[PDB]
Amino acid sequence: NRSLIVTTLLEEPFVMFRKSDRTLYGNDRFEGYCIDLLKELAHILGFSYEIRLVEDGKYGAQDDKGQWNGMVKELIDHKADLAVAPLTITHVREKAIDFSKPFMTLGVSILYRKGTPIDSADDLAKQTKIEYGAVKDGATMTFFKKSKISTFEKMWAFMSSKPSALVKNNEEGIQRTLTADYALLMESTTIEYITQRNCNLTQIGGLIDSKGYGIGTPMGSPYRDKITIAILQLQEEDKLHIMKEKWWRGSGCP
């Protein structure tokens, strides 16, 4: 009956500050793929919402004591009804929150500057000159932290070693990719987006694994099943494919 609290994060092209001469406020400040997805779910399901940015600007991971941060924490403490963001569905975070069915599929990969003909994530693990990392307290960071693959255990020992190999967000990871010999372990769909706009950047190698982005809710959320059915209906008619095309289309690279 009331307006849901939506926690989210600035992540292009998923959630961004709309451009305007006016000073914007409320939901009107935001636009992007996830905002379109939210508009569509709110229309189908008949709910309203208030979008709030998570104060610590993080997706969510556990520390050594087991406490969460990020949007995951927001759902745990019930300070948000939904998390609408490129939020990875992981069985680790299922210990604390719940997820709708995925609205987008992706995989971890490598964002690197075209110049060295490396082709594999293994090529990074067996050296030290090219520093590499991922977004701190994210699902890509946690995937290497908890992996049992001998190659990925090798890479996590690196990132655990260097202080600033773990970056605050994708923007600063991409910037570091352009200004240093650095490789960013980043998710497939973002790499597609960045490398279409930054012709100096390329995807290195295929996908490391497979995951899906879902809308997160508190455990036992009454809106969660309604969201899942709505998302599944949208994928049947390929409306989420159209929606990705709308926000990913652009210049292209020679």
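Between two forms, the rigid core is defined as the largest C-alpha subset superposing within 1.5 Å. Quick note: we count residues from 1 along the sequence shown, nothing fancier.
Put simply, when the other structures in 7 other deposited structures of this protein are lined up on the rigid core, the C-alpha atoms of 128-136 lie farther off than those of the other stretch, from 128-136 and 101-109. A fit on the rigid core, followed by a root mean square over CA positions in 7 other deposited structures of this protein, ranks 141-149 against 78-86 and picks 141-149 as the more shifted one. In this entry, the higher average B-factor at the C-alpha atoms falls on 210-218, of the pair 39-47 and 210-218. A summary of the deposited B-factors shows that, of 244-252 and 3-11, the stretch with the larger mean C-alpha value is 244-252. As recorded in the entry, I204 carries the highest CA temperature factor of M186, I204, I227, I194.
Per the deposited coordinates, the residue with the largest Cα temperature factor out of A80, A125, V135, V84 is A125. Split the chain's modelled residues into thirds by C-alpha temperature factor. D56 is in the middle one. Among all modelled residues in this chain, the alpha-carbon of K73 has a temperature factor (C-alpha) in the middle third. For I89, the recorded CA temperature factor ranks within the lowest third of the chain's modelled residues.
Among the modelled residues of its chain, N27 has a C-alpha B-factor that falls in the lowest third, as given in the PDB entry. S100: CA B factor in the lowest third of modelled residues in this chain (values from the PDB entry).
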